[PDB]
Structures are given as structure tokens and as C-alpha cells.
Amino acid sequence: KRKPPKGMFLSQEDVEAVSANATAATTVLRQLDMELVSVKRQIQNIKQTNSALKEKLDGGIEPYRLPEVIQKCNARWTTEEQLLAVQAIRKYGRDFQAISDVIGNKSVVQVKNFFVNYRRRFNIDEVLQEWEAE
């Protein structure tokens, strides 16, 4: 009485389930038996597929990485660096992180700065509406 011993399971639900007929017992137990084999074999399947995908990754991305130097961040915009900028603004829009990575010695600070210092004579507005065309 009270609440079932610890680790026995006797929900209301279940009892009608295994009683409502004579073999409702060794039925509910046999249908679970099969839902097991079903899920087990669909694991065998996703394993075979995951094993193939793993083969296609053999090599990793090893012969594909390129060192990424340093370029100690400066603050003078050389004419080269502005031209990189305005091109990055056309390729990236506002991804000021990428734009600073392209230029190399400018950080998201002056990248945001430049965006409004030169906003006028580098027709930066037009440039950004080009990237928006996407």
C-alpha cells in the first residue's frame, strides 16, 4: 500500500494494458521486443553511413591551411589599404571583422572609423547598396 516498492513500476495505465485480454501481456511485451530490433538495426544503418562519411574526411583539412601572419595593427591608411577597403565593403558589406582581416593591419576600430571618415568621397553609401543587391 502507499507507494510501490522502490524500483517496481506499476502505473495505472500499464495494468489495464497487460490485463484487458488473455495475451495482452505477451503481446505488449512482443511489440516492444520488435520495436527494439527495429531501432537497433536503424543504428546499424546510421553507423554504416557515418563510417563512409568518415572516410571522405580522411586527410582532414591539412594540406589546405595557410599560415595567417601577424601584421601589427597600424593606423595610417595607405592608398593601397583604402582600395582594399572599398573592395572589401563591396564583397562583405558590414562584416567589419572580415574587412579588417582582408586589410591585415587595420582593426575593427579604424575599419568602423574609415566607414564614416571617407563615407563621402569613396561613395561608400553606393558601395553598400551594391552589396545589398546581393
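Note that residue numbering begins at 1 and tracks the sequence as displayed.
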Quiz item: In the PDB record, does 84 to 92 or 64 to 72 carry the higher mean Cα temperature factor?
Solution: 64 to 72
Exercise. Sort the modelled residues of this chain by their C-alpha B factor and say whether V109 lands in the lowest, middle or highest third.
Key: highest
Quiz item: So where's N123 on the chain's Cα temperature factor ranking, which third?
Solution: lowest
Quiz prompt | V116, C-alpha B-factor rank within chain (lowest, middle or highest third) | solution = highest
Exercise. Classify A20 as lowest, middle or highest third according to the C-alpha B-factor given in the PDB entry, relative to its own chain.
Key: highest
